[PDB]
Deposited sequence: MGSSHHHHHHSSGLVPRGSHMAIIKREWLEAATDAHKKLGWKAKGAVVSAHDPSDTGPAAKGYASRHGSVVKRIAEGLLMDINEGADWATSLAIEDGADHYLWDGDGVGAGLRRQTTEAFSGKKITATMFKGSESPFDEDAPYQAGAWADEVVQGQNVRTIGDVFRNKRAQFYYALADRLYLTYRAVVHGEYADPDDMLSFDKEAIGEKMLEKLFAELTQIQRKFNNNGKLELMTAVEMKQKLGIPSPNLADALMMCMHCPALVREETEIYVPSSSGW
């Protein structure tokens, strides 16, 4: 039921070095303010460069922490989870980015998918229940393609892959991320759409704590 294989994550570690390409594109950062530990993720194009945990912070301290990291990382775009306790953080977030060319986007995972009437590559809306499922599968698809390139020698466009810059991220935090990603699970859906267990469900059913590093990385798959 899990959507991401550990072997893909191991392959994707330093995949850009293994395959000889460089990060190109926008810098995208995202923040998970927790249900009520926090998460932050940042990538430059297809290369993930920071995974950070935000400990012993209230909601406003967490947002200061995450927005400061976004500034430090040279973000072009910043997203944060607004489905729960984060729903009120827009003012603080825009204040943090005053005078800086950084866009701020509230991510709501429970929304219908982005661009849902577009064809699925029938429509995106037929395939994914919501944005949480859509962007976790964007992540899973990038990782699988990266695995096939790294381990099976199957060409893929770097723009469609994802590499973890291990030296930038740090081994400990990369391991924490990976331990969360392999816990993200599909759940039954009565309309035949892809849908994932929520944190609440993961906690109650399986005793799994909130995967906020994973969620932060998932949100940064959406470049607004």
TODO: Give the ranges of the deposited sequence, numbered from 1, for which the structure holds no C-alpha coordinates, in sequence order.
DONE: 1 to 20, 57 to 59, 145 to 158, 262 to 278
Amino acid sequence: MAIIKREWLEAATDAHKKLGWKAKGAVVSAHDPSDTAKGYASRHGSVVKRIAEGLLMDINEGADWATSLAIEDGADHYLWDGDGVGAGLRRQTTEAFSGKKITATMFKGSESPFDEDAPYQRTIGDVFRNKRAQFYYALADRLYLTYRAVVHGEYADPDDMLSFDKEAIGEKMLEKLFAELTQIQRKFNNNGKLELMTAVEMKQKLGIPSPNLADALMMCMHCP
From here on, numbers count along this sequence of modelled residues.
Task: Of 70 to 78 and 95 to 103, the stretch whose C-alpha atoms average the higher B-factor in the entry - done: 95 to 103
- [ ] Look up the CA B-factors in the entry and say which stretch, 212 to 220 or 12 to 20, has the higher mean.
- [x] 12 to 20
- [ ] From the list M161, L56, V27, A30, select the residue with the highest C-alpha B factor recorded in the entry.
- [x] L56
TODO: Would you mind finding, among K172, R50, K166, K38, the residue with the largest C-alpha temperature factor in the entry?
DONE: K172
TODO: Report the third (lowest, middle or highest) to which the CA temperature factor of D64 belongs, ranking only the modelled residues of the same chain.
DONE: middle
- [ ] Looking at the entry's B-factor column for C-alpha atoms only, identify whether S42 ranks in the lowest, middle or highest third of its chain.
- [x] lowest
Task: Among modelled residues of the same chain, the CA temperature factor third for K187 - done: highest
TODO: Classify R132 as lowest, middle or highest third according to the C-alpha B-factor given in the PDB entry, relative to its own chain.
DONE: lowest
- [ ] Report the third (lowest, middle or highest) to which the CA temperature factor of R90 belongs, ranking only the modelled residues of the same chain.
- [x] middle
